[PDB]
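Below is one structure; the comments refer to it alone.
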Amino acid sequence: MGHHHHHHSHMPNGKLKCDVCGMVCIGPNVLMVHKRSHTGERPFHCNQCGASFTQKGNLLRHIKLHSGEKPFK
Ligand SMILES: [Zn+2]
């Protein structure tokens, strides 16, 4: 007549962290409004280019230099 006991208890516990961290900011169209500020009153657009200027003296010689005349520098 012998004796033998049984009680050695072990159980898991705890969990993992997976907290979300990746918030992104957004900006307005700064490119258009800064260009708009640089434009005088009339957008000096080259009708033969589709190019936008705000300087008249640039546009006035630019439309001239479009023809095969005038020295290139
Ligand atoms: Zn042009």
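Lettering and numbering for the structure tokens are positional, with chains as A, B, ... in the shown order, residues counted from 1 in each chain, and ligands counted from 1 in the shown order.
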Sorted by chain and rising residue number, list the residues of chain A at most 8 Å from ligand 1 (counting only C-alpha atoms and all ligand atoms), each with its closest atom pair and distance in Å to one decimal, as a Markdown table.
```
| residue | atom | partner | partner_atom_place_in_ligand_line | distance |
| --- | --- | --- | --- | --- |
| A:46 | CA | ligand 1 | 1 (Zn) | 4.5 |
| A:47 | CA | ligand 1 | 1 (Zn) | 6.2 |
| A:48 | CA | ligand 1 | 1 (Zn) | 4.0 |
| A:49 | CA | ligand 1 | 1 (Zn) | 3.6 |
| A:50 | CA | ligand 1 | 1 (Zn) | 6.7 |
| A:51 | CA | ligand 1 | 1 (Zn) | 6.3 |
| A:62 | CA | ligand 1 | 1 (Zn) | 6.5 |
| A:63 | CA | ligand 1 | 1 (Zn) | 5.8 |
| A:66 | CA | ligand 1 | 1 (Zn) | 6.5 |
```
DSSP alpha helix (DSSP H) selection over chain A, as a ChimeraX atom specification: /A:30-38,56-65
Emit the selected residues as a compact mmCIF listing (two decimals), in the first residue's frame, including N, CA, C and O atoms.
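Saved as selection_12.txt:
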```
# COMPACT_ATOMS: atom_id res chain seq x y z
N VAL A 30 -1.45 74.38 -52.61
CA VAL A 30 -0.56 75.52 -52.35
C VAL A 30 0.06 76.05 -53.66
O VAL A 30 0.39 77.23 -53.77
N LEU A 31 0.20 75.14 -54.65
CA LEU A 31 0.83 75.44 -55.94
C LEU A 31 0.01 76.47 -56.74
O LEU A 31 0.57 77.42 -57.30
N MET A 32 -1.32 76.27 -56.75
CA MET A 32 -2.26 77.12 -57.51
C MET A 32 -2.39 78.52 -56.89
O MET A 32 -2.34 79.52 -57.61
N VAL A 33 -2.53 78.58 -55.55
CA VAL A 33 -2.75 79.85 -54.82
C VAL A 33 -1.47 80.73 -54.81
O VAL A 33 -1.55 81.96 -54.90
N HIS A 34 -0.28 80.09 -54.72
CA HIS A 34 1.01 80.80 -54.78
C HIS A 34 1.26 81.38 -56.18
O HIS A 34 1.76 82.50 -56.31
N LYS A 35 0.89 80.60 -57.22
CA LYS A 35 0.93 81.06 -58.63
C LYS A 35 -0.02 82.27 -58.80
O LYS A 35 0.34 83.26 -59.44
N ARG A 36 -1.22 82.15 -58.20
CA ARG A 36 -2.29 83.15 -58.29
C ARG A 36 -1.83 84.50 -57.71
O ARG A 36 -2.12 85.56 -58.28
N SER A 37 -1.08 84.42 -56.60
CA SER A 37 -0.48 85.58 -55.93
C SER A 37 0.59 86.25 -56.81
O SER A 37 0.74 87.47 -56.80
N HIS A 38 1.33 85.42 -57.57
CA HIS A 38 2.40 85.88 -58.47
C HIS A 38 1.83 86.49 -59.76
O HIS A 38 2.50 87.29 -60.41
N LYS A 56 4.64 90.88 -68.88
CA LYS A 56 4.27 91.37 -70.22
C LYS A 56 5.50 91.44 -71.13
O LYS A 56 5.46 90.90 -72.22
N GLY A 57 6.61 92.04 -70.64
CA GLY A 57 7.83 92.21 -71.41
C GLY A 57 8.45 90.89 -71.85
O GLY A 57 9.14 90.82 -72.87
N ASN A 58 8.19 89.82 -71.05
CA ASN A 58 8.57 88.45 -71.40
C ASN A 58 7.71 87.96 -72.57
O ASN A 58 8.24 87.56 -73.59
N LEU A 59 6.37 88.07 -72.41
CA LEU A 59 5.39 87.58 -73.39
C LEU A 59 5.53 88.31 -74.75
O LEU A 59 5.41 87.68 -75.80
N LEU A 60 5.84 89.62 -74.71
CA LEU A 60 5.88 90.49 -75.89
C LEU A 60 7.06 90.11 -76.82
O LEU A 60 6.91 90.14 -78.05
N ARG A 61 8.22 89.79 -76.23
CA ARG A 61 9.37 89.28 -77.00
C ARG A 61 9.22 87.77 -77.29
O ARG A 61 9.69 87.29 -78.31
N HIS A 62 8.52 87.03 -76.40
CA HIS A 62 8.33 85.56 -76.52
C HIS A 62 7.54 85.21 -77.80
O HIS A 62 7.91 84.30 -78.54
N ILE A 63 6.45 85.97 -78.03
CA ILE A 63 5.58 85.80 -79.21
C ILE A 63 6.34 86.16 -80.51
O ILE A 63 6.06 85.59 -81.57
N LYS A 64 7.32 87.08 -80.39
CA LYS A 64 8.15 87.54 -81.50
C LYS A 64 9.14 86.42 -81.88
O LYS A 64 9.15 85.97 -83.03
N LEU A 65 9.90 85.93 -80.87
CA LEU A 65 10.93 84.88 -81.01
C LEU A 65 10.33 83.51 -81.46
O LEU A 65 11.09 82.59 -81.75
```
Based on DSSP run over this structure's backbone, return all residues of chain A in strand (DSSP E or B), as a list in words.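 Of chain A, the ones in strand (DSSP E or B) are residues 44, 45, 46, 51, 52 and 53 of chain A.
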